[PDB]
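This report refers to the structure that appears directly beneath it.
Taken together, the values in this text are just the output of simple stated rules run on the coordinates, not laboratory data. Heads up, the Cβs are rebuilt from the backbone with ideal geometry, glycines too, and the neighbour counts pull from every protein chain shown.
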Amino acid sequence: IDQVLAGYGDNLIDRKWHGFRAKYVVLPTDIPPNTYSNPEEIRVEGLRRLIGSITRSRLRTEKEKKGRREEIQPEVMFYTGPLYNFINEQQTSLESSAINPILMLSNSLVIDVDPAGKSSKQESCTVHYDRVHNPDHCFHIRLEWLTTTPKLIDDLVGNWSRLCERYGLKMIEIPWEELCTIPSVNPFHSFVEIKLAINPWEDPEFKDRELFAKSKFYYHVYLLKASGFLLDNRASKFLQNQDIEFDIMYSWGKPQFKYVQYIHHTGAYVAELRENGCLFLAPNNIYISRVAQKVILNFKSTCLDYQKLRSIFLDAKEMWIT
Amino acid sequence: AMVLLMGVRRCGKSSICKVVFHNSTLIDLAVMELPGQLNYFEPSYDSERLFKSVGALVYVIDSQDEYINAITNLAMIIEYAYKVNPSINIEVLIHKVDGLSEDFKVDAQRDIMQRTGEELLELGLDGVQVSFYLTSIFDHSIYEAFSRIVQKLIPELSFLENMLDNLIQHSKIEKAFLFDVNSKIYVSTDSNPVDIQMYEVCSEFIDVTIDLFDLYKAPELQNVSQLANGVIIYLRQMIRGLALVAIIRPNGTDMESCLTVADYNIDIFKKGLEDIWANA
Ligand SMILES: Nc1nc2c(ncn2[C@@H]2O[C@H](COP(=O)(O)OP(=O)(O)O)[C@@H](O)[C@H]2O)c(=O)[nH]1
């Protein structure tokens, strides 16, 4: 701790201890009135402006502080479908500025959280931002800090949230650890496991080997889509079915996620899809405390009622047929 | 110095006008209300002369309703208002704040200030300073806000401050206000802080004076109201609609001698005020 606090953090050794961490998720929610300056490309400009504001907040030395064009912001690259389809797509023998044997899906930089000289110390967090984005896949920004004031980072997050809300989107905060570990950390947290009413892997009304070869969790993914959820773990191995050019590693570490995670588009609830078809459902206490209980109970009812789940699965089968 | 009142519909502009101005440069002129709804602004629709003829633009934001779109519209208005004329003072009133706590009021003002600053940073406007005042009809706040707005449009402010400070230092005056006969918008004072209680005392003294005079008419307004503790309140009409109300303390002296020296000093001050064309 004293070594990394003195500027000797370049040891490049995986320490067993972690600093203070915060994970923020950008979720497309709603376009504000006016601000015309299409509802599917203004969010592209919103993420571009957010990344530009983050990179413009880079911590700089006094020699670069006294001096006066900075480099352009890194590009965020968009695609449709699972991420492994895009990874098995870069093979194209054209260009070199396309996600470029571990693949760094994010990049990091040190920021200058207090610019105005409000604090007597030197404030310095570390931001991690992804290099990919989909309208159906939520966006990740990560703040890692060790000794910063936990109020300047709050108003920095507020400035980011306002900059988002000028455009569409909605910045939310989710716990860094997995949803499945909240009973193993916080025993008071609400956490319900869902064994849904109709098993699509063995029901006679919904069963096909070709569909399960194509998409094993097709009914569950469509159930989560129709109930208003966005995929959090975009880089997991439970939904896509393709190969890879060795493992992918984030700019902060290896993804140690047991199951795929989903965030409600409101930002209030977190779901998690297990291997055996069960689900985990919990509320986001940080959003509720910073800023509403009938929605999660209604989702539990839809996952427990046979008729409503049958209707959603029938809609999934009807869309699969047509 | 004509000020333009702007805001969304049902924000309270007409009610503010009725309360203040109904109960040139300095007199309470017939101000212009402007109902601005959300729309796309037409580029230069013969509005350059109108905004060039406004001394200071005033914006009204309802704190009860949502106001992010209101701040966006305000930034859109400032975007051409500052471009047309770089000498306009810009004022924003956070109206309808009677039923809010002090912490909520301070947080709301801080949020409004930060949002306006961020929107002006996005629009690229620099060198602009927008003032903010927490106003409400039911209290003294709107009178003080209009007092500051009017004071920003009198170029002889510091000289009036020196004249009132010299008058106060030589007459044992606790606090002297240069009110206007209508709207109770005090124009100048001393370097002493404007106490709210003393301001309300002087304003209701203005009201008592005008009502009692209006009760007996059809046959230069002067008033001496002495309290039990010797503290006197004095009124003398200045040039045009201006009037002077001074809370003067006796400090254990003769009442009539203090009244005589105050009358002589205030007559001298009015003779000095005759030279400067601060009236109307
Ligand atoms: N409680 C409270 N209500 C206010 C205040 N100012 C305005 N209002 C309300 O606003 C309404 C009048 O709005 P109005 O002046 O006609 O809006 P305008 O015509 O667009 O300027 C009244 O019904 C009041 O209830 C205030 O300071 N306090």
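Within the stretch B:90-114, can you find the residues that are within 14 Å of chain A (Cβ to nearest Cβ) and under 29 Å from B:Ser53 (Cβ atoms)?
B:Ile112, B:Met113
Among the residues of the stretch A:85-92, is any within 19 Å of A:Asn233 (Cα to Cα) and among the β-branched types (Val, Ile, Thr)? Walk me through it before giving the result.
So in the stretch A:85-92, the residues within 19 Å of A:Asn233 (Cα to Cα) come out as A:85-88.
Now restrict to residues that are among the β-branched types (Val, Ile, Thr): A:87.
Yes, the stretch A:85-92 contains at least one residue that is within 19 Å of A:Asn233 (Cα to Cα) and among the β-branched types (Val, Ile, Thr).
Only one residue in A:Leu143, A:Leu103 is at negative phi, crowded, with 19+ Cβ neighbours inside 10 Å and not basic (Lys, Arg), so which one is that? Lay out the reasoning, then the answer.
Numbers: A:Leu103 fails: crowded, with 19+ Cβ neighbours inside 10 Å.
The unique qualifying residue is A:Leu143.
Considering every residue within the stretch A:182-192, establish whether at least one is more than 14 Å from chain B (Cβ to nearest Cβ) and within 17 Å of the chain's Cα centre (by Cα).
Start the filter on the stretch A:182-192 by keeping residues that are more than 14 Å from chain B (Cβ to nearest Cβ), which leaves A:182-192.
Right, trim to within 17 Å of the chain's Cα centre (by Cα) and you get none.
The answer is no; no qualifying residue exists.
Show me the strands (runs of 3 or more DSSP E) entirely contained within the stretch A:127-231 in which 3 or more residues are over 30 Å from B:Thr72 (Cβ atoms). Walk me through it before giving the result.
Values: elements: A:139-145, A:171-174, A:192-194, A:229-231.
Those strands (runs of 3 or more DSSP E) span A:139-145, A:192-194.
Residue under question is B:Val60, and the condition is that it be under 17 Å from the mean Cα position of the chain (by Cα) and either more than 16 Å from the ligand (Cβ to nearest atom) or within 14 Å of chain A (Cβ to nearest Cβ) (or both); does it hold?
Details: under 17 Å from the mean Cα position of the chain (by Cα): yes; either more than 16 Å from the ligand (Cβ to nearest atom) or within 14 Å of chain A (Cβ to nearest Cβ) (or both): no.
No: the conditions fail for B:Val60.
Residue by residue through the stretch B:63-76, note down the ones that are assigned to a helix (DSSP H, G or I) and either in contact with a helix residue (DSSP H, G or I) (Cβ under 9 Å, 6 or more places away or on another chain) or crowded, with 18+ Cβ neighbours inside 10 Å (or both).
First pass over the stretch B:63-76, keeping only residues assigned to a helix (DSSP H, G or I): B:68-76.
B:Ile68, B:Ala70, B:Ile71, B:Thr72, B:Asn73, B:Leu74, B:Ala75, B:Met76 - these are the residues of the stretch B:63-76 that are assigned to a helix (DSSP H, G or I) and either in contact with a helix residue (DSSP H, G or I) (Cβ under 9 Å, 6 or more places away or on another chain) or crowded, with 18+ Cβ neighbours inside 10 Å (or both).
Out of A:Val157, A:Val132, A:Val113, A:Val127, I need the residue that is within 14 Å of chain B (Cβ to nearest Cβ) and among the β-branched types (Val, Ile, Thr). Which one? Don't jump to the end; show me each part of the working.
Numbers: A:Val132 fails: within 14 Å of chain B (Cβ to nearest Cβ); A:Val113 fails: within 14 Å of chain B (Cβ to nearest Cβ); A:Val127 fails: within 14 Å of chain B (Cβ to nearest Cβ).
Residue meeting the stated conditions: A:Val157.
What about B:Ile61, is it out of contact with any strand residue (DSSP E or B) (no Cβ under 6 Å at 6 or more places or on another chain) and β-branched (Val, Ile, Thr)? I'd like the intermediate steps shown before the answer.
Numbers: out of contact with any strand residue (DSSP E or B) (no Cβ under 6 Å at 6 or more places or on another chain): no; β-branched (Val, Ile, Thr): yes.
No, not satisfied.
Right, A:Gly277: touching a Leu at 6+ places or on another chain (Cβ under 8 Å), part of a loop (DSSP other than H, G, I, E, B) and not polar (S, T, N, Q) or not?
On the way: touching a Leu at 6+ places or on another chain (Cβ under 8 Å): yes; part of a loop (DSSP other than H, G, I, E, B): yes; not polar (S, T, N, Q): yes.
Spelling it out, A:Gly277 is indeed touching a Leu at 6+ places or on another chain (Cβ under 8 Å), part of a loop (DSSP other than H, G, I, E, B) and not polar (S, T, N, Q).
Here's the yes/no breakdown for (1) farther than 24 Å from A:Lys237 by Cβ; (2) among the basic types (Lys, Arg):
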position	(1), (2)
A:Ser161	yes, no
A:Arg166	yes, yes
A:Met171	yes, no
A:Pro175	no, no
A:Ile198	yes, no
A:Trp201	no, no
A:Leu223	no, no
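Here is a yes/no grid of residues against (1) touching a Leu at 6+ places or on another chain (Cβ under 9 Å); (2) of a type in the set (D, E, K, R); (3) within 8 Å of the ligand (Cβ to nearest atom); (4) over 19 Å from B:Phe138 (Cα atoms):
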| position | (1), (2), (3), (4) |
| --- | --- |
| B:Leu4 | yes, no, no, yes |
| B:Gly7 | yes, no, yes, yes |
| B:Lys18 | no, yes, yes, no |
| B:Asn23 | no, no, no, no |
| B:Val31 | yes, no, no, yes |
| B:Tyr40 | no, no, no, yes |
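Within the stretch A:240-270, restricting attention to residues that are among the β-branched types (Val, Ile, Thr) and out of contact with any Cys (no Cβ under 6 Å at 6 or more places or on another chain), which residue is farthest from A:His137 (Cα to Cα)?
First, pick out the residues of the stretch A:240-270 that are among the β-branched types (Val, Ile, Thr): A:244, A:248, A:260, A:263, A:266, A:270.
Subsequent filtering for residues that are out of contact with any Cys (no Cβ under 6 Å at 6 or more places or on another chain) retains A:244, A:248, A:260, A:266, A:270.
On the way: A:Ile244: 20, A:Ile248: 17, A:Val260: 12, A:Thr266: 14, A:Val270: 14 Å.
Checking each candidate, the answer is A:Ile244.
Where residues in the stretch B:92-136 are among the polar types (S, T, N, Q) and more than 16 Å from the ligand (Cβ to nearest atom), which of them is farthest from B:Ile61 (Cα to Cα)?
Within the stretch B:92-136, the subset among the polar types (S, T, N, Q) is B:101, B:109, B:114, B:116, B:129, B:131, B:135-136.
Subsequent filtering for residues that are more than 16 Å from the ligand (Cβ to nearest atom) retains B:114, B:116, B:129, B:131.
Working: B:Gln114: 15, B:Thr116: 12, B:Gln129: 17, B:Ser131: 13 Å.
In this case the residue turns out to be B:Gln129.
Give me a count of the residues in the stretch A:30-57 that are within 12 Å of another protein chain (Cβ to nearest Cβ), farther than 20 Å from A:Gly267 by Cβ and assigned to a loop (DSSP other than H, G, I, E, B).
Total satisfying the criteria: 5.
Does any residue in the stretch B:118-129 that is within 14 Å of chain A (Cβ to nearest Cβ) and buried (at least 16 other Cβ atoms within 10 Å of the Cβ) come within less than 8 Å, Cβ to Cβ, of a residue that is among the hydrophobic types (A, V, I, L, M, F, W, C) and not in a helix (DSSP H, G or I) six or more places away or on a different chain, and which pairs are these?
Here the result reads B:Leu120/B:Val128; B:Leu120/B:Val130, each pair linking the stretch B:118-129 to a residue that is among the hydrophobic types (A, V, I, L, M, F, W, C) and not in a helix (DSSP H, G or I).
Exactly one of these conditions fails for A:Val291: (1) loosely packed, with under 13 Cβ neighbours inside 10 Å; (2) among the aliphatic types (A, V, I, L, M); (3) under 22 Å from A:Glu193 (Cβ atoms). Give me its number.
Condition not satisfied by A:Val291: (3).
Per-residue answers, yes or no, for (1) under 21 Å from the mean Cα position of the chain (by Cα); (2) surrounded by 13 or more Cβ atoms within 10 Å (Cβ to Cβ); (3) of a type in the set (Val, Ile, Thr); (4) assigned to a loop (DSSP other than H, G, I, E, B):
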{"position": "B:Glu220", "(1), (2), (3), (4)": "no, no, no, yes"}
{"position": "B:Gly230", "(1), (2), (3), (4)": "no, yes, no, yes"}
{"position": "B:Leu244", "(1), (2), (3), (4)": "yes, yes, no, no"}
{"position": "B:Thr253", "(1), (2), (3), (4)": "no, no, yes, yes"}
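Might you check whether a residue that is among the hydrophobic types (A, V, I, L, M, F, W, C), at positive phi and crowded, with 17+ Cβ neighbours inside 10 Å occurs anywhere in the stretch A:165-177? Before the answer, list the steps.
Taking the stretch A:165-177 as the starting set, the residues that turn out to be among the hydrophobic types (A, V, I, L, M, F, W, C) are A:169, A:171-172, A:174, A:176.
This time we only want the ones that are at positive phi, so: A:169.
Right, trim to crowded, with 17+ Cβ neighbours inside 10 Å and you get A:169.
Taking every residue of the stretch A:165-177 in turn, at least one turns out to be among the hydrophobic types (A, V, I, L, M, F, W, C), at positive phi and crowded, with 17+ Cβ neighbours inside 10 Å.
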